[PDB]
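Have a look at the structure below, then the notes.
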Amino acid sequence: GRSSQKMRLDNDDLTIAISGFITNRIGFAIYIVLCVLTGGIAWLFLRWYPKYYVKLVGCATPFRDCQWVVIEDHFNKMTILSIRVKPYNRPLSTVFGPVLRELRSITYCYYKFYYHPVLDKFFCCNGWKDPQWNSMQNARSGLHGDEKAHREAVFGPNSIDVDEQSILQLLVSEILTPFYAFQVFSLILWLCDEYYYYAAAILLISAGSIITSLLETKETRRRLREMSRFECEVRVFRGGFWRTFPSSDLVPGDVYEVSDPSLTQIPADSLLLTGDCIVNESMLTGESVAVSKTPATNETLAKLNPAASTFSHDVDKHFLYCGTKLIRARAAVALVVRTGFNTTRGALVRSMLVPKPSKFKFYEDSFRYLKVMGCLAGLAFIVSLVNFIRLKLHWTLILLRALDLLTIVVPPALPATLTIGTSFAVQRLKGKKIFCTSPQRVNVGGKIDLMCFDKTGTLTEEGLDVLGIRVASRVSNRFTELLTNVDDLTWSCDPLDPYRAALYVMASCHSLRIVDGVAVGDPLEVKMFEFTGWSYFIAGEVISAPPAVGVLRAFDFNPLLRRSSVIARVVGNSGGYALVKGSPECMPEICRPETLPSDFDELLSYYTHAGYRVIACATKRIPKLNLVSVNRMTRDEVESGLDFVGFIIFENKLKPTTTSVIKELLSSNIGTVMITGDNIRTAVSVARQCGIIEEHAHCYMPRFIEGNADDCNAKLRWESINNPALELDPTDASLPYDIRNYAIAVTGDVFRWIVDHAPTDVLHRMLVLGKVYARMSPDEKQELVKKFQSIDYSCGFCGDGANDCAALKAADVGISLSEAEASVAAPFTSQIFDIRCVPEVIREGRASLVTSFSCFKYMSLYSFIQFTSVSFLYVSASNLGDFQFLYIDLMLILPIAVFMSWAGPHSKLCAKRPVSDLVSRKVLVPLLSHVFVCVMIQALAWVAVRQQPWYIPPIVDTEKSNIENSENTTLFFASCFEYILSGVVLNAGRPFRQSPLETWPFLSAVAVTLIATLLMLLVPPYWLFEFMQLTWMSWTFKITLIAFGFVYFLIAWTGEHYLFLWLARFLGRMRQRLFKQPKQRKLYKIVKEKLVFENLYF
Ligand code: ALF
Ligand SMILES: [Mg+2]
């Protein structure tokens, strides 16, 4: 009996291990008695480290006989789940692809593993081919009665119902982290030591942080549950009749109806059987164009695969996805295939909740630093305890002092201070209309090294504009200039006149209807009508000699003929006219070949290759027509024998301010790529116009030369687009084949083949070189972003559709551009709809990163200075007073820390990135030198004060510490002079922020604190003298204290700018030259260097 298994859930990530255990009933008693005895510490310690809990309670057993299982993933986060068993009696094949009895299963992250007995394993994905699907006769007659019920036990309900959790569960999963336990212990220590005010302050700030984080999490999870909760009402063929049911009672096999008008959205992944349908797949592709779907023939059942997760075109022509609108339908039924989380939209939603560890190592490294500091504080506690039992002091004093020395070294207000930079950045972003939801992501904005991009909604207007109109004259059968405008059309001549005929076509060849003074109807007609500027069974001309027209009848656009016609009669002419507009491919089989110019085919190829959509117009004259002829003669006589007029052209025109933002991003050493769902010819042209691809480079793309994507052993040919002769060395490395710049533009079908059957090195080179990525579903967007991240990139995204959701959530920083169905996952949410909020986010990220690092260094220095002062004082059982602590802790550190995080970022993207890690050498090395300088200054001040003739030595006191010394006061003033100047020196400045001379609050706060301290030193009033427990000093010694404080500033400044970085580089070079361990480099750098050098080699 097997009792372990390993699986890979996601596309490539999520390696998990499942094991099965049993409760000992003795370890459980030990655990409960231990919890009772310790009052609650065992519960905490066995919730933080469940490995020992399992080792204490669990006893290993095989899978067949089990009661709960443990699932451990690649990030080492264990979990306890309970196996569920249900009575069930059908053949094994009903559940997979014998007899099955128990039907054991486990649910993990909405995946549902089932237990195969004879193979003795857990299986996640098996499509349930349900072999009845052989003929339309079988598939049309749906399942009857009881057969549904058993299905309900295997597939569950058809509802994407994520599980919400209560407030108390959030609290027990949030507060119980170890740091808050440490904070509670510190608070107990303060209140037991009569040190109230500071404890109350940090309690208030901790409570505020908890409240804001809790509200954040609750709002996020509430919002995510509204994008994935759909409820409709359909009619199903359960028992030979049509019965009305909710959308939740559907199981694979039920045949429902799609022709009814109540049904406005597809309930589940379906397949047509009769009739026809019209849907717009705005959720799978970014476009909003109407798509027509036709019934599935008897052959296509064979190739259907309910688990392929991406369907070929042969079967995609008949598949009705779930969650897509329904424009129009004909007696048409449909057969469901997948329900629940197996649906493409359901699978996307499920993959939006799977956990993924972060590559930003800031907060975790800070916590590791505090843990090392605690390891030091333990030794300090031991030494203090020995030195205190030496002096024969009382026991309460020894305990209290030795324990407060713990909270001195591990400051309980470091994490609550490390968020001020992001807290201040959020409102600047909100002022510039960008709305952030996860503040922890702001720092990540400073690490962006790549920036992906949508096309249709982001880099381009949503609709299709009108570029120009071309016409061929009958004087010479050749085309003319571009004729962008309509005024030129009105004032041009050679329905006999060509230009006026084309204007007539653009004016009255539609079926638009007027609502609210504007026009509605087919999306393409609207743009033409607006371009004309005219008005609308006759079309009224604009006031600003063009005659009006009067329509007698019209044949709308025919799905099979692919054209439309309008028979009208201008008032002037006794005879009528017929205008026909349609696609240029089937046009030649209607019009006269004499009317077709010599430029037809090559000009059509030129326009189509650049990516436009072309439509052609034609005219005809009917010498005699009346009210009886139109009803007597059909469209066949209308169409045949027309006169070619001209081409009208559409264009996906890009937003006015994109070619500048992309140029700036390229000039700031940030690469950019396009990841779109549209064609592979429009995408390349828009990338040429925008600036992603340089104006002179080539664009090689892959083609299938031997076999389609099915065969596991196929060959690829990397051809060129403009010149189909040049190729790339395929087996071989992607290099130009027997020149300076080029860019592979991979389609969306060959990319899957590359990821599957191609070596890793070719994949890496394609990732480094590829600029354009078209014809991709959301899943390929997401896993392409993950592939980018897996070679040490840090990539963002930008999009404005539910198409993009997964790529927005899986990217390091994802900026949305809308407010519906796409801002649920994206951290940020712009509202100006242009790509101008990307530089904003990057700038604020860099400023926030440098600010956070500066604050961390400042708080660490504060901790060390206080520890050194207290360690000097403890050598004689003395201590700082209970109010000097308050002054230092509350009126010097918190105000300077808050105001050090106030200045804004620069007004321009620079060309260099900030340090983005804590355990580095260039961060640690300049910190320990500052610590050394601080300690040296304090030691010098102490030695200096111990030699004056009015010195008042400390007194050892058994009941309480003595505060009125001449050795406490000197260290107090040295510390006060050091805190302010350390805050001034460690400030972030010119490169990624505003220089401190242009920001007033910081300088004002430093000045007021320094003047307060200097006045408290030089001439203090008596109440301060008897209130802070000071002692007399000669006026010649205060000047010496000021001198030490001053010279510390010079030493710290010179070290921080000049010497400390030099020492860091010196130590780094010595380590490299002595320890002979290679320096790791980011992969894409290595691949780029290999590529350029080897290309130069040829
Ligand atoms: F508008 Al798109 F992918 F083309 F969101
Ligand atoms: Mg879009």
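Don't worry about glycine lacking a Cβ; one is built from the backbone with ideal geometry, like all the others, and counts go over all protein chains shown. Since every read-out is calculated from the coordinates, none of them should be taken as a lab result.
Only four residue types carry charge here, +1 at the Cβ of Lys and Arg and -1 at the Cβ of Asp and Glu. Report the dipole size of the range 90-175 about the Cα centre in Debye, rounded to the nearest 20.
Here the range 90-175 has a charge dipole of around 480 debye.
How about the range 1006-1098: which trypsin sites (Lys or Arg not before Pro) there are in a DSSP loop, with at most 14 other Cβ atoms within 10 Å of their Cβ?
Filter output for the range 1006-1098: 1076, 1079, 1081, 1082.
Using mean Cβ contacts within 10 Å as the protection proxy, how do 935-945, 246-256, 302-312 order, highest first?
246-256, 935-945, 302-312
So if I place +1 on the C-beta of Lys and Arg and -1 on the C-beta of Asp and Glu, and nothing else carries charge, what would the dipole magnitude of the chain be about its Cα centre? I want it in debye, nearest 20.
That gives the chain a dipole magnitude of about 2200 debye.
Based on the mean of other beta carbon atoms within 10 Å per residue, what is the order of 25-32, 175-182, 102-109, 331-338, most packed first?
Values: 25-32: 12.2, 175-182: 14.1, 102-109: 16.9, 331-338: 21.2.
The most tightly packed comes first, giving 331-338, 102-109, 175-182, 25-32.
Whole-Hz Karplus ³J(HN,Hα) for the range 830-837, in order, using 6.51 cos²θ - 1.76 cosθ + 1.60 and θ = phi - 60°, x for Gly and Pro?
6, 9, 9, 6, 9, 8, 10, 8
Could you point to the residue in 1019, 402, 755 farthest towards the positive end of the chain's charge dipole, with +1 and -1 charges on the Cβ of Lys/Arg and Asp/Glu respectively?
Of the listed residues, the answer is 402.
Under a cut-off of 30 Å between alpha-carbon atoms, report the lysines in cross-link reach of residue 1038, not counting same-chain residues fewer than 8 places apart.
Here the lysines satisfying the reach criterion relative to residue 1038 are 857, 960.
Classify the range 191-248 as rounded, prolate or oblate from the Cα gyration tensor: take a ≥ b ≥ c as the square roots of its eigenvalues, call it rounded if a/c is under 1.5, otherwise prolate when a/b beats b/c and oblate if not. Could the numbers behind the result be given before it?
On the way: a/c = 12.07, a/b = 5.74, b/c = 2.10.
Prolate.
Past 26 Å, Cα to Cα: identify those pairs from 371/809; 293/786; 433/908; 663/771, in the order given. Can you show the working numbers first?
Details: 371/809 32 Å; 293/786 33 Å; 433/908 19 Å; 663/771 15 Å.
Pairs exceeding the cut-off: 371/809; 293/786.
Could you order the peptides 87-97, 774-784 from most to least packed, using the average number of other C-beta atoms within 10 Å per residue?
774-784, 87-97
Would you kindly derive the ³J(HN,Hα) couplings of the range 866-872 from the backbone phi angles with the Karplus curve 6.51 cos²θ - 1.76 cosθ + 1.60 (θ = phi - 60°), listing them in order in whole Hz, with x for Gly and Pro?
Per residue, the Karplus-derived 3J(HN,Hα) values read 4, 4, 5, 4, 5, 5, 5 Hz.
Where in the range 1001-1053 are there chymotrypsin sites (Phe, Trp or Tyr not before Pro) that are in a DSSP coil and have at most 13 other Cβ atoms within 10 angstrom of their Cβ?
Answer in residue order: 1027, 1032.
Would you pull out the residues with amide H under 5 Å of residue 962's amide H, same chain only if 5 or more places away, H placed 1.01 Å from N?
For residue 962, the qualifying residues are 879, 957.
Need the full-extension length gain, residue 714 to residue 653, defined as separation in residues times 0.36 nm minus the C-alpha distance. One decimal, nm.
Taking residue 714 through residue 653 to full extension adds about 18.2 nm, to one decimal.
Toward the positive end of the charge dipole of the range 959-1098, about the Cα centre and with charges on Cβ (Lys, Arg +1; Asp, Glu -1), which of 1066, 1029, 968 goes farthest?
Going by the Cα projections, it comes out as 1066.
With +1 assigned to the C-beta of every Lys and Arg and -1 to the C-beta of every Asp and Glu, and no other charges, what is the dipole magnitude of the range 1-114 about the Cα centre in debye, to the nearest 20?
Using Cβ point charges on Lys, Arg, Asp and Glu, the range 1-114 gives about 360 debye.
Counting other Cβ atoms within 10 Å of each Cβ, which GluC sites (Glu not before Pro) in the range 109-178 have at most 13 and sit in a DSSP loop?
Taking the range 109-178 and a limit of 13 other Cβ atoms within 10 Å, the loop GluC sites (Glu not before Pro) found are 164.
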